[PDB]
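Accompanying notes for the structure given below.
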Number of protein chains: 4
Amino acid sequence: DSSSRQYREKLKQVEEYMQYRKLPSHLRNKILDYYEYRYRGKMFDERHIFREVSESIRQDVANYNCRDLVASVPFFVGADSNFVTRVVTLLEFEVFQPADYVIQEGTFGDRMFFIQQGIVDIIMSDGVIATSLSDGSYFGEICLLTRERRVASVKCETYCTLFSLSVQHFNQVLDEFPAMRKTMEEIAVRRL
Amino acid sequence: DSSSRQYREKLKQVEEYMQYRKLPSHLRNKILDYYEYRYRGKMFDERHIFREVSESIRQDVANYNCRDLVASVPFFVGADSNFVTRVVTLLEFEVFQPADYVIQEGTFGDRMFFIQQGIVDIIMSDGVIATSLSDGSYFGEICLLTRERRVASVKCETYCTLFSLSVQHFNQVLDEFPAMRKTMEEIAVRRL
Amino acid sequence: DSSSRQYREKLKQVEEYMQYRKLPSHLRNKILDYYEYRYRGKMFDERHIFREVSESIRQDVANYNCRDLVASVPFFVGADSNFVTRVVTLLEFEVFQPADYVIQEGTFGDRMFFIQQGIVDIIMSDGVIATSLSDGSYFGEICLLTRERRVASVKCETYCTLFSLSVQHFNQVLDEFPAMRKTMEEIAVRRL
Amino acid sequence: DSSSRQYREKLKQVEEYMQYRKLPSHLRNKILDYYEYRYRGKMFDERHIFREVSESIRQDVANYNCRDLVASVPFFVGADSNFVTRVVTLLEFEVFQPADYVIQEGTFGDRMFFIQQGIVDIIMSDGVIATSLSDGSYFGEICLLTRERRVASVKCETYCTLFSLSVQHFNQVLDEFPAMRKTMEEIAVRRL
Ligand SMILES: Nc1ncnc2c1ncn2[C@@H]1O[C@@H]2COP(=O)(O)O[C@H]2[C@H]1O
Ligand SMILES: Nc1ncnc2c1ncn2[C@@H]1O[C@@H]2COP(=O)(O)O[C@H]2[C@H]1O
Ligand SMILES: Nc1ncnc2c1ncn2[C@@H]1O[C@@H]2COP(=O)(O)O[C@H]2[C@H]1O
Ligand SMILES: Nc1ncnc2c1ncn2[C@@H]1O[C@@H]2COP(=O)(O)O[C@H]2[C@H]1O
């Protein structure tokens with residue numbers, strides 16, 4: 001009930017803002033669809049709760065909420081439990097919509113992404129689709145490894161729920177667990 | 001209605017503060033005129049909404065709100081779409097009033113400015129007005145390029161609505177898109 | 001009464017979040033037990049109050065709240081009053097529960113801990129318990145001194161109330177008071 | 001009225017916190033006296049208002065609120081208007097009480113202080129009072145210039161209203177206006 005009020009609250013002011021900005025209907029609808037899809041009529045916080053509790057509770061909760069993702073990512077198979085715990089506590093939940101470009105070829109990158117659910121296309125600079133990726137895969141790591149630029153664009157086919165890891169956190173966890181930098185570099189190369 | 005309440009709320013406490021500080025009437029009136037001009041009786045947030053949505057929605061909204069500015073700035077003509085998107089997502093809205101000095105000659109600079117609407121005078125250290133700038137122009141870039149000091153003062157003739165880019169973001173976008181540093185340096189020099 | 005309302009407020013939304021996340025009952029109960037143990041039905045802030053007052057009031061309040069801890073830590077015996085004041089103003093209160101791992105062997109460390117109340121086991125990488133520590137002791141300092149990795153795990157036997165000092169603050173206070181780095185290094189070595 | 005409600009609000013929760021912490025009566029009274037002295041039954045914000053307005057309004061308001069201080073500080077006599085404006089916009093208001101040590105000899109310093117109103121004693125490491133300072137004077141600059149340690153303690157005789165400048169801002173304004181570093185160094189030395 002408190003989570004429901006939070007959402008109705010939010011949605012009212014969103015529609016007011018979109019009115020003052022005279023946003024086109026297509027864009028107003030994109031935004032309303034996003035709130036509905038992501039929040040489904042309820043807005044808790046989690047950030048507040050996480051901060052009120054111990055580091056142990058935060059790890060336990062992050063591990064549970066990310067259980068399905070961890071099981072779906074072959075990358076995490078046989079990984080050190082401390083590695084998995086560190087990553088899941090640093091992941092940020094993100095949602096994207098059909099046809100959204102999560103990544104543009106040739107730009108700088110600030111984070112990488114793990115796919116919880118959804119399908120994305122990997123699009124080369126010439127416009128050819130190299131491949132599509134889905135649940136349990138990840139992308140946007142190459143740029144973080146080379147500190148150069150994005151080598152392909154990534155476009156959502158469906159609604160996508162992703163968990164991102166920032167370049168700062170990425171570099172942190174790979175230093176703490178060097179074995180995982182090695183395994184990561186190997187897939188980067190094998191994205192030919 | 002919620003945006004209207006936010007504004008009446010705000011204005012009440014502003015007048016109370018100005019009373020405790022015994023601000024002169026001329027200054028109280030300047031402040032009230034500013035709130036009226038900028039907010040026009042309604043205070044949404046945008047910062048909250050932007051943070052609740054995807055990076056794609058943020059780009060779409062920033063691109064739409066900055067559409068007229070982008071069209072008016074010759075600098076953006078033929079620019080890479082990714083460049084324009086990066087800039088507009090980093091711009092900060094600012095409003096200044098007639099006779100305000102946005103920039104003082106001889107000081108350090110922390111940001112540059114794009115003029116959405118308004119007229120400013122460029123005033124040399126001797127007091128001569130070199131020129132006036134208006135909608136679609138920009139200023140305050142020289143200091144960011146040289147990392148030295150402001151070479152002129154800039155004084156508002158009218159109410160001005162500006163979008164600023166901080167030195168940190170300025171240096172970020174120019175590194176990401178070096179071609180635009182080149183075009184920027186060329187106008188800097190051609191401000192003779 | 002205001003502190004009580006704050007807590008009932010909080011607990012209501014916590015149970016709602018745990019419902020949306022379908023947390024297992026064991027974990028829901030761990031979280032509820034934590035809030036009850038730590039806050040005991042009342043949530044003040046302290047952070048807000050500390051920020052509304054002078055540095056002197058902040059030192060006086062931190063010194064009083066940490067009086068028992070300071071008396072129990074032999075480390076503080078004969079220490080410079082300015083050293084003790086600096087530390088207590090930088091400590092962060094943390095609570096952990098029975099069987100929680102505060103520290104895992106082999107990871108990077110971001111802070112050290114002083115035990116106000118509770119018992120922890122020091123567990124070597126082979127699983128042998130080297131020793132147990134309790135009220136007035138401290139742990140997690142070795143990693144901060146070597147800038148290497150945690151050399152043992154630390155597991156709570158009881159509920160534990162700890163005060164942590166971050167690596168940044170740790171390095172600050174030791175620079176300001178070098179004599180205490182010396183005394184600290186000596187115990188680090190004498191954790192054989 | 002809104003400022004009055006804010007204060008009664010605040011004071012209620014302060015007394016509740018002091019109760020949970022079982023603070024001694026002398027300290028509870030020190031805190032209540034501080035709130036009464038500083039806020040006088042009304043809590044506006046200023047930080048919120050400053051952030052809602054232009055840089056020009058912020059400079060105008062800071063200049064007005066600091067007018068008496070600026071007039072009382074001989075240091076500002078003949079100074080560049082841009083220097084004075086920069087400083088006043090970076091000052092932080094602080095209040096201290098009789099017998100408070102604002103500065104302890106031998107510690108590291110994070111800021112310096114301008115005295116709006118009040119009297120402080122400068123106390124050497126041997127306990128001799130070198131001198132007393134009052135309205136329009138400043139102290140705590142030596143440590144910022146040498147990047148060493150505080151050379152004396154500073155103890156309030158009366159209630160003191162001060163404006164502090166952090167080491168980061170201090171170093172900023174002195175770089176922007178080198179002439180003022182020179183004048184500052186000269187008084188530092190002439191504090192024999
Ligand atoms: N052939 C490929 N197969 C799978 N993923 C790819 C391929 N080429 C590029 N990518 C991904 O697309 C991402 C785009 O941005 P990055 O260059 O950071 O890293 C990229 C890789 O994660
Ligand atoms: N002759 C000129 N014509 C147009 N703009 C100018 C001229 N001289 C200076 N400026 C602008 O005035 C701004 C003042 O601060 P900056 O030195 O950062 O950069 C400056 C340029 O943007
Ligand atoms: N033999 C020991 N006796 C007491 N404390 C210990 C012993 N071995 C390790 N520790 C503590 O266990 C902590 C684990 O993390 P750190 O390596 O940072 O530092 C460690 C010391 O504080
Ligand atoms: N003889 C003095 N006369 C006036 N002020 C002094 C004297 N000696 C020290 N101070 C001030 O006392 C302050 C204590 O800390 P700082 O060393 O940063 O800088 C100091 C000077 O501002």
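Note: hydrogens, waters and symmetry copies are ignored here, and every other heavy atom, side chains too, is used. Whatever order the structure lists ligands and atoms in, that order sets their numbers, starting from 1. Every chain is numbered from 1 and lettered A, B, ... according to where its sequence line falls, protein lines coming before strand lines.
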What is the closest protein heavy atom to atom 3 (N) of ligand 2, and at what distance does it sit?
-> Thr131(B) CG2, 3.5 Å

Over 60° means perpendicular and under 30° means parallel, so classify the ring planes of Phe113(D) and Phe139(D), tilted if in between.
-> parallel

For atom 1 (N) of ligand 2, what is the nearest protein heavy atom, given as residue, atom name and distance?
-> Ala130(B) CB, 4.0 Å

In terms of residue, atom name and distance, what is the protein heavy atom nearest to atom 14 (C) of ligand 3?
-> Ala152(C) O, 3.4 Å

Closest heavy-atom approach to atom 4 (C) of ligand 3 among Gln104(C), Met124(C), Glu148(C), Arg191(C) is made by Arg191(C)

Nearest protein heavy atom to atom 13 (C) of ligand 3, by residue and atom, and its distance?
-> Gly140(C) N, 3.7 Å

Quick one: does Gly109(B) get a heavy atom under 4.0 Å from ligand 2?
-> no

Any donor and acceptor pair, going by atom type alone, linking the side chain of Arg150(B) with main-chain N or O of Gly140(B) inside 3.5 Å?
-> yes

Contact list for residues 102-117 of chain D, test salt bridge (charged side-chain N to carboxylate O under 4.0 Å, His left out), sequence neighbours left out | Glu55(C)-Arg111(D), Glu94(D)-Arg111(D)

List the closest protein heavy-atom neighbour of atom 8 (N) of ligand 3: residue, atom name, distance to the nearest 0.1 Å.
-> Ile122(C) CG2, 3.8 Å

Any nitrogen or oxygen of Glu141(C), main chain or side chain, under 3.5 Å from a nitrogen or oxygen of ligand 3?
-> yes

Is there at least one pair of N or O atoms, one from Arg150(B) and one from ligand 2, spaced under 3.5 Å apart?
-> yes

